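Take a look at this single chain, the form deposited in one PDB entry, given in structure tokens.
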């Protein structure tokens, strides 16, 4: 009866909390006999390989389907032919016939016509990927992109060598979508779906049509929008019965802002709460802040579902401080390096294991070296097994300035690893009980945080006691039953 469609930009293998919560939410709805699938809107040439990898890793439940806008029309297109598009491949081969090949490296080569003496093509082969750039009067006109020698995309270039047009090709090499690209901002213009002879004014129009085709207009159909920038796709559909929910995963205020500004995407979701079935926030404090600040009522608090597995059989007695996150500015890993410097200057035995990848990773690497912490702080890369990494840590640290909730802190507490976190909006004070299951540090206070890490790393009994109470607190306050009943209460009203 009930079926759920959870919307986000894309799915990939080295992501953070938002997709992690969608994957766990899907598992919980399927266990309660409610199919809950993921709808994505990006274009990938190898989506089938991403899905298999996420499922093999155990991140994505085997029952979770991913519905993708390009995949839907590509699959319709695949059914149209039996034979591969031999003529497109013959056309490409003919344009390279009667040329001079000039090799630059392995995989890289250039082609010059024997008669016109001019530069025809550039080919770059790396692994399973191939790119063929064609030229006219020493200017790049087009690029054909291949995966396992099969064309998947053609891009056209303007005078400034910027993308002005794209064509997507199915599994047999036939075009199924063609679209204009505004080279000034990279936005998608008029899109033509060759397979059904339908044209759309832009990508949002295509995505709105797609959702109306995918999701039947029944009260049993439930749309949950997780990706904030994706909210207009769900919001603009013509559904009269299907339910619409927006989940806000972050602090709705603008990050690194003293003017009090609100994030644009989240502001649009909140302001439109009364026009949909509900806008979900992860903590009670955010719901109250929103209600005080905005003229809306449809704000509901529903925590992320929590996966309570078995606690690691042994406590880490070694001075290992862990940190598992997306390496992004809001996590303030620079403050963690500054804290590490203080902890290491009072105790040189304490190790800091930092997992993840992101924009700040290089800045942080240079920062450890400049502070000469290369013997104590280790950038361990992304982990597909955070639960196993958690066993190696004595405690976990959070210098993050903004959260919606904080699954890594919650995950550490489930593995009996106490958290030392800056008391920020939102999340830490909901689950950390200061001096009972961890420590809540006054925001920016790097000295008091360094002091609490030192007390904790050098006290085996306190570290074990805090961790034990931490798992107990999560089990008690984040039951799957109460969270599922909160969602069911909305779906049934």
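Residue numbers count along the first chain shown, from 1. Definition used throughout: the rigid core is the maximal C-alpha set that superposes within 1.5 Å between two forms.
- If you average the C-alpha B-factors over 410-418 and over 334-342, the higher value belongs to 334-342.
- Higher mean CA temperature factor between 479-487 and 466-474: 466-474, per the PDB entry.
- The top Cα temperature factor in the record, among 281, 188, 224, 320, falls on 320.
- Among 143, 363, 233, 240, the highest C-alpha B-factor recorded in the PDB entry belongs to 363.
- Among the modelled residues of its chain, residue 49 has a C-alpha B-factor that falls in the middle third, as given in the PDB entry.
- In this PDB entry, residue 357 carries a Cα temperature factor that places it within the highest third of its chain's modelled residues.
- When the modelled residues of the chain are ordered by C-alpha B-factor, residue 370 sits in the highest third.
- When the modelled residues of the chain are ordered by C-alpha B-factor, residue 271 sits in the middle third.
- Split the chain's modelled residues into thirds by C-alpha temperature factor. Residue 228 is in the lowest one.
Here the subject shifts to the form deposited in another entry, a form of this protein not shown in this document.
- Comparing C-alpha positions between this form and the one not shown after a rigid core fit, one residue in 346, 201, 95, 216 moves 2 angstroms or more. It is 346.
- Remark: with the core as the superposition reference, the CA shift of residue 239 between this form and the one not shown stays below 2 Å.
- In the core-superposed comparison between this form and the one not shown, residue 435 has its Cα shifted by at least 2 Å.
- Core-superposed comparison between this form and the one not shown: CA of residue 38 displaced by less than 2 Å.
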